[PDB]
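Here we start with a single chain on its own, the form deposited in one PDB entry, put down as structure tokens.
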């Protein structure tokens, strides 16, 4: 039986609340997506279905846009790819925005598919759209998406009759804007985008009592604090490495609300996040736009070159607790891991440890994975005691955030065995 229930909140629409007392690490819900797709940067880098990277992917012979890691994945993806195939083919070489491909998959799923388990607590139809809060600029954006969708879908959908009854394309894209989940791989690289409508019941907190993790497109919702009966369940919608100003802008632009939490009222941590010379971190913040774009396209060599010019600059440097500096170190570490530059990766990774401890309090899956990456680097270098403390710390965090149902935990147990036996 469910440990969570939908309820109507006083001032933030519908939410989820505990039906029984919950402890850290308690599995609360598991969901596949109602619909999902690979993101623009990872298209052709990860399998369309299982979202795992591979040096060589096979492509769908009809559209040559969908790509897969194996015959099995291509075959199993076919029912949900079949109708989009003709639309993807007939629009080459124009590839649609991610949201447009995602909505295509929603419409086909709702038209041809059995009722989805993802919609057990809340369906696509119930999703919040924030229509009466959208700015004129946002509305103009949505109208362009509607027309893009109508074009993309021409081959399969000619009119309302082939859409679910009373389906409003404008309102559907509005739901997508505030309800899309970014799907991350085991290394916490963004690889996909999906709708998980039951999970969409979780309201936001900059200091949450729950967490979500992805294992391919499969999502796990876990408690990360003690939660009493009737208490609202919350997740953080946002990157932890953001100032209250940055959080304000995103919660406004994407989700149409103002956060009244304690952290927003007091600018909790903002001063520490922005230490170092303002001129310097402004330029770093600007450069990070290009760096993140490159990372999103798995361009590790170019990512590294740009990060090294900042980390080892001839001019003034930032403290590692500065969030822009911190992100640069994170990107540099990941580029080094993927390029096999393990010594350099470890230098960057170890410098991130204390700032991560500060910015990801309690149990957060991003800290757990970062700590696991550092311990794994230490283990490969044969620094067994330093490795063992980090692997154990990773396990303390990830047993709460990931749990036994996540395959990455089994990988970590192997690493602890390998390190413990060597000790």
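Positions refer to the first chain, counted from 1. Think of the rigid core as the biggest set of C-alphas that the two forms share within 1.5 Å after superposition.
Keep in mind that the form deposited in another entry is missing from the display, and what follows is about it.
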Checklist outcome for this item: Across 112, 117, 207, 168, the single C-alpha shifting 2 angstroms or more between the shown form and the other one with the core held fixed is at 112
Next on the checklist: For residue 297, does the CA position differ by 2 Å or more between the shown form and the other one when the superposition is done on the rigid core?
Outcome noted: no
Item to check | CA of residue 404, rigid core aligned, shift of 2 Å or more between the shown form and the other one | outcome: yes
Item to check | Large Cα move at residue 357 between the shown form and the other one, threshold 2 Å, rigid core | outcome: no
Item to check | Outcome for the Cα pair residue 317, residue 304 in that other deposited form, compared with this form (closer or farther; change of 3 Å or more) | outcome: farther
Checklist entry - in that other deposited form, do the Cα atoms of residue 315 and residue 334 sit closer or farther apart than here, given a shift of 3 Å or more? => result closer
